[PDB]
Amino acid sequence: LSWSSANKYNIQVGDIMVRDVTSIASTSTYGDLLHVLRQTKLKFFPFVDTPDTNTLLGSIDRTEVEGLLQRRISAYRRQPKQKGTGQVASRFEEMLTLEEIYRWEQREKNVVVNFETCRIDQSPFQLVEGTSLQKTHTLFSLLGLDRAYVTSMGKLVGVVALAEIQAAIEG
Amino acid sequence: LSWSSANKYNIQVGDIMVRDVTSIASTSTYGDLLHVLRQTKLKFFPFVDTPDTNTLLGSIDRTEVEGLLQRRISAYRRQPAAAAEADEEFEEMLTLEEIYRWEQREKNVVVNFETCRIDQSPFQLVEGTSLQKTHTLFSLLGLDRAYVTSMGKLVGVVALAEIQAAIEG
């Protein structure tokens with residue numbers, strides 16, 4: 001003779017995941033890049049199909065985005081005691097001024113970016129909404145992750161950060 | 001009428017194993033669970049990876065499945081414990097009409113086999129295996145049903161009944 005019942009916790013990536021993701025799509029412009037760099041602190045972004053479709057194609061590093069932008073800026077002016085100005089005289093020729101870079105983005109702020117010389121990284125996992133907070137935590141622990149992208153059949157749906165996960169697991 | 005009159009030779013799990021297994025996968029819903037319970041009489045099922053990949057991760061008991069379902073149902077009518085199911089018209093009891101409505105709403109919700117107990121099999125039974133070795137396997141472990149696998153993948157079920165009969169016919 002016996003009875004039947006029970007209870008439990010039941011949290012999931014979705015009741016933690018941020019649905020407003022700062023992503024970079026193959027259709028974004030150099031203005032989009034500068035924005036992501038200036039308006040965030042993220043060390044990497046999800047590299048999407050298109051802001052509409054949202055097919056997660058991988059992720060791009062901040063240092064990788066900074067590179068594309070640098071290669072562009074330089075490959076544009078590529079023409080081939082006085083007052084001191086501020087300038088990113090990289091390379092080693094003759095101070096490429098800061099006023100120039102300001103005017104640079106004014107001119108190419110809407111030019112779609114060419115992510116060809118850029119390195120997109122493939123994720124070694126798949127994290128879906130239904131996933132339990134415990135399996136999501138174990139995933140982060142075994143791979144040593146800080147941020148993971150939750151997908152839905154290839155499409156970006158949100159971002160989960162280990163911080164948010166731990167806190168949710170303690171609340 | 002009917003017909004018959006045959007026999008067998010050097011038989012193997014495969015020439016006996018049922019290839020259409022009723023399994024439970026980690027991706028199945030609560031409807032799948034209610035299905036397996038209402039349409040079968042099995043005491044346990046093979047717990048698979050995905051119905052597609054079919055990695056045999058273990059096996060779930062019927063009582064175990066009934067539990068997960070029970071735990072769901074109750075932890076859906078809000079929060080709280082203490083209330084038996086029942087044919088309506090003694091209070092705070094999940095009425096049978098509610099449970100009906102329950103499966104109508106959670107029928108396609110994938111199940112969380114976390115609170116559930118999955119049992120690891122102590123053996124490996126492959127297709128190439130001879131009907132004599134499979135019988136000895138069942139005999140020593142005292143089995144009724146065994147899952148035949150192919151490199152981790154669920155391939156079919158063999159029942160002791162089927163084995164004995166095969167060994168006599």
# chains A, B, ... in the order shown; residues from 1 in each chain; ligands from 1
>>> interface_residues(of="chain B", to="chain A", cutoff="12 Å", atoms="only C-alpha atoms", output="JSON, numbers by chain")
{"B": [26, 27, 28, 29, 63, 64, 65, 66, 67, 68, 69, 70, 71, 72, 73, 74, 75, 76, 77, 78, 79, 80, 81, 82, 83, 84, 85, 93, 94, 109, 110, 111, 112, 113, 114, 115, 116]}
>>> residues_around(residues="segment 161-163 of chain B", least_positions_apart="3", cutoff="9 Å", atoms="only C-alpha atoms", output="list in words")
residues 13, 16, 17, 131, 132, 134, 135, 144, 145, 158, 166, 167 and 168 of chain B
>>> residues_around(residues="residue 118 of chain B", least_positions_apart="2", cutoff="6 Å", atoms="only C-alpha atoms", output="VMD selection string")
chain B and resid 58 to 60
>>> residues_around(residues="residue 53 of chain B", least_positions_apart="2", cutoff="12 Å", atoms="only C-alpha atoms", output="PyMOL selection string")
chain B and resi 25-27+48-51+55-57+150-155
>>> write_last_selection(atoms="N, CA, C and O atoms", output="compact mmCIF listing (two decimals), in the first residue's frame")
# COMPACT_ATOMS: atom_id res chain seq x y z
N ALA B 25 13.24 8.80 -24.15
CA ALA B 25 14.43 9.58 -24.44
C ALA B 25 14.39 10.82 -23.60
O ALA B 25 13.32 11.29 -23.24
N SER B 26 15.56 11.38 -23.32
CA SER B 26 15.68 12.59 -22.51
C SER B 26 14.97 13.80 -23.12
O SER B 26 14.74 14.80 -22.44
N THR B 27 14.63 13.70 -24.40
CA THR B 27 13.97 14.78 -25.11
C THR B 27 12.47 14.59 -25.22
O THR B 27 11.79 15.40 -25.84
N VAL B 48 16.89 6.39 -23.50
CA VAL B 48 17.77 6.81 -24.58
C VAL B 48 18.21 8.26 -24.56
O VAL B 48 17.68 9.14 -23.87
N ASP B 49 19.23 8.47 -25.37
CA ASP B 49 19.90 9.72 -25.64
C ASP B 49 18.88 10.66 -26.30
O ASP B 49 18.38 11.59 -25.69
N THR B 50 18.61 10.34 -27.56
CA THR B 50 17.68 11.05 -28.44
C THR B 50 17.03 9.96 -29.31
O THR B 50 17.70 9.00 -29.68
N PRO B 51 15.73 10.09 -29.65
CA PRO B 51 15.14 9.05 -30.48
C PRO B 51 15.89 8.83 -31.79
O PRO B 51 15.76 7.80 -32.43
N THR B 55 21.37 6.60 -28.03
CA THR B 55 22.43 6.12 -27.16
C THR B 55 21.72 5.58 -25.92
O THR B 55 20.90 6.27 -25.31
N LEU B 56 22.01 4.34 -25.56
CA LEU B 56 21.36 3.75 -24.40
C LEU B 56 22.06 4.24 -23.14
O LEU B 56 23.17 3.82 -22.84
N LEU B 57 21.40 5.14 -22.42
CA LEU B 57 21.94 5.72 -21.20
C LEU B 57 21.56 4.94 -19.95
O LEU B 57 22.09 5.18 -18.88
N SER B 150 24.26 -1.69 -30.20
CA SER B 150 25.23 -1.65 -31.29
C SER B 150 26.14 -0.45 -31.08
O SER B 150 25.89 0.63 -31.62
N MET B 151 27.18 -0.66 -30.29
CA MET B 151 28.15 0.39 -30.00
C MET B 151 27.53 1.53 -29.20
O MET B 151 27.84 2.70 -29.42
N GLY B 152 26.65 1.15 -28.28
CA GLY B 152 25.99 2.12 -27.43
C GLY B 152 24.58 2.45 -27.87
O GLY B 152 23.79 2.95 -27.08
N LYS B 153 24.28 2.17 -29.13
CA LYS B 153 22.97 2.47 -29.67
C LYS B 153 21.94 1.36 -29.46
O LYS B 153 22.24 0.19 -29.65
N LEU B 154 20.74 1.74 -29.04
CA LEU B 154 19.65 0.79 -28.81
C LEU B 154 19.20 0.21 -30.15
O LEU B 154 18.84 0.95 -31.06
N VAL B 155 19.19 -1.11 -30.24
CA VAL B 155 18.84 -1.81 -31.46
C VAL B 155 17.55 -2.62 -31.35
O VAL B 155 16.84 -2.81 -32.33
>>> select_by_dssp(residues="chain B", states="alpha helix (DSSP H)", output="PyMOL selection string")
chain B and resi 30-38+62-74+96-106+131-141+160-168
>>> residues_around(residues="segment 56-59 of chain A", least_positions_apart="6", cutoff="8 Å", atoms="only C-alpha atoms", output="JSON, numbers by chain")
{"A": [44, 45, 46, 47, 48, 49, 120, 121, 122, 123, 151, 154, 155, 156]}
>>> write_last_selection(atoms="C-alpha atoms", output="JSON list (two decimals), in the first residue's frame")
[["chain", "number", "residue", "atom", "x", "y", "z"],
["A", 44, "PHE", "CA", 33.24, 38.57, -27.54],
["A", 45, "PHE", "CA", 29.92, 38.73, -29.43],
["A", 46, "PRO", "CA", 27.70, 36.19, -31.20],
["A", 47, "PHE", "CA", 28.25, 36.32, -34.94],
["A", 48, "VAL", "CA", 24.80, 36.15, -36.55],
["A", 49, "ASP", "CA", 23.31, 35.38, -39.97],
["A", 120, "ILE", "CA", 34.89, 33.65, -36.27],
["A", 121, "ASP", "CA", 34.99, 31.00, -33.52],
["A", 122, "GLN", "CA", 32.86, 27.89, -33.49],
["A", 123, "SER", "CA", 31.16, 26.93, -30.24],
["A", 151, "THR", "CA", 19.86, 28.90, -29.32],
["A", 154, "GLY", "CA", 20.28, 27.59, -35.03],
["A", 155, "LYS", "CA", 18.90, 30.99, -34.04],
["A", 156, "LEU", "CA", 20.20, 33.21, -31.27]]
>>> atom_distance(atom1="atom CA of residue 111 of chain A", atom2="atom CA of residue 30 of chain A")
6.2 Å
>>> select_by_dssp(residues="chain B", states="strand (DSSP E or B)", output="JSON, numbers by chain")
{"B": [12, 18, 24, 25, 29, 44, 45, 46, 47, 48, 55, 56, 57, 58, 59, 60, 61, 86, 95, 110, 118, 119, 125, 130, 145, 146, 147, 148, 149, 150, 153, 154, 155, 156, 157, 158, 159]}
>>> closest_residue(among="A:70, A:138, A:117, A:152", to="residue 34 of chain A", atoms="only C-alpha atoms")
A:70
>>> residues_around(residues="segment 31-43 of chain B", least_positions_apart="5", cutoff="7 Å", atoms="only C-alpha atoms", output="compact mmCIF listing (two decimals) with C-alpha atoms, in the first residue's frame")
# COMPACT_ATOMS: atom_id res chain seq x y z
CA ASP B 61 11.23 1.96 -14.05
CA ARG B 62 7.51 2.32 -14.59
CA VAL B 65 8.00 7.35 -14.72
CA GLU B 103 -2.08 16.95 -19.96
CA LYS B 107 1.32 17.38 -23.23
CA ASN B 108 4.29 18.67 -25.26
>>> atom_distance(atom1="atom CA of residue 128 of chain A", atom2="atom CA of residue 15 of chain A")
12.2 Å
